[PDB]
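J.: Below is one structure. I have some questions about it.
All of the numbers you see were taken from the coordinates with simple rules; none came from a lab. Because the Cβ atoms are built from the backbone with ideal geometry, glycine has one as well, and the counts that use them run over all protein chains shown.
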Amino acid sequence: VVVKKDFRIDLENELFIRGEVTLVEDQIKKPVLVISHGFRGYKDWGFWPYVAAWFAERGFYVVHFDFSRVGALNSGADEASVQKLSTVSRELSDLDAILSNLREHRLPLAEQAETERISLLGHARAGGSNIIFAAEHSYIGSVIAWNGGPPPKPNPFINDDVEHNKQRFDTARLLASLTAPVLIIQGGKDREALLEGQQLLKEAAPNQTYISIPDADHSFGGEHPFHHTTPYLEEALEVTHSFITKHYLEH
């Protein structure tokens, strides 16, 4: 009943993105959820296959994908090559490619995607990058960060990138002004630096929604490999799904 369709977007040079559309086919347009994996992840990592299917069963047209850096590394690209593809800027560029292909209806089964109702879900570092993309694109109607969100902070490319985009990447400023519904879910058993940044977000932008799951770690327990769900991932899923469905279209 859940259909999974592979796609590949060939980018410039040898860069490419492998992704999946996950969907229960009902011949109607379904709200879109585009999922971004974290810095240590990939589309087949940990809970992502489960999460993609979970949302497809709940009525979403789901896209998840390997960032460019992942396809480069599996192609055996140089260490400098992979490092420069690892910037936040490159996430935003990859995400722009994913969303352009969705909006031009080039992804599989795109006739069943409601591009008028697009949401982002970002894990860890991609929680900050998804907030940035959301803030910069009117067609993103809501964004959810899992154990991420605060501004992105051995890679010299990441240093140059963070240095040249100190204002653009300030998710604290962006969240204070973004009128779209944003949800940040944070596990209590994550590193303190992150938890500190999450309080600064909540103080900067109280208008948004902040959910803490005290006993959950940085992955809600769903690190690789994934044999079963956990209470914490299940909560994050139900809260995220309630957030999108109950608030997306509200004024």
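J.: At a Förster radius of 25 Å, what calculated FRET efficiency corresponds to the Cβ-Cβ distance of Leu249 and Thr209, to the nearest 0.05?
T.: Efficiency, from the Cβ-Cβ distance: 0.95.
J.: Over all directions, what mean area does the Cα convex hull of region 1-52 project, stated in square nanometres?
T.: 4.7
J.: I'd like the FRET efficiency for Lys29 and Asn155, computed as 1/(1 + (r/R0)^6) with the beta carbon distance as r and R0 of 45 Å, rounded to 0.05.
T.: 0.65
J.: Within 10 Å of each residue's Cβ, count the other Cβ atoms and sort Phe226, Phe65 from fewest upward.
T.: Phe226, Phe65
J.: Still on this structure: Would you please state the base-10 log of I(q)/I(0) at q = 0.14 1/Å for the chain, with intensities from the Debye formula using one equal scatterer on every alpha carbon?
T.: For the chain, the Cα-only Debye profile gives -0.91.
J.: Pull up the DSSP beta bridges for the chain and report the antiparallel fraction as a percent, rounded to 5. Working shown, then result.
T.: On the way: 13 of 39 bridges.
So the antiparallel bridges in the chain amount to around 35 percent.
J.: Can you sort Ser93, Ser129 by how many other beta carbons sit within 10 Å, fewest first?
T.: In order of increasing Cβ crowding within 10 Å: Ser93, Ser129.
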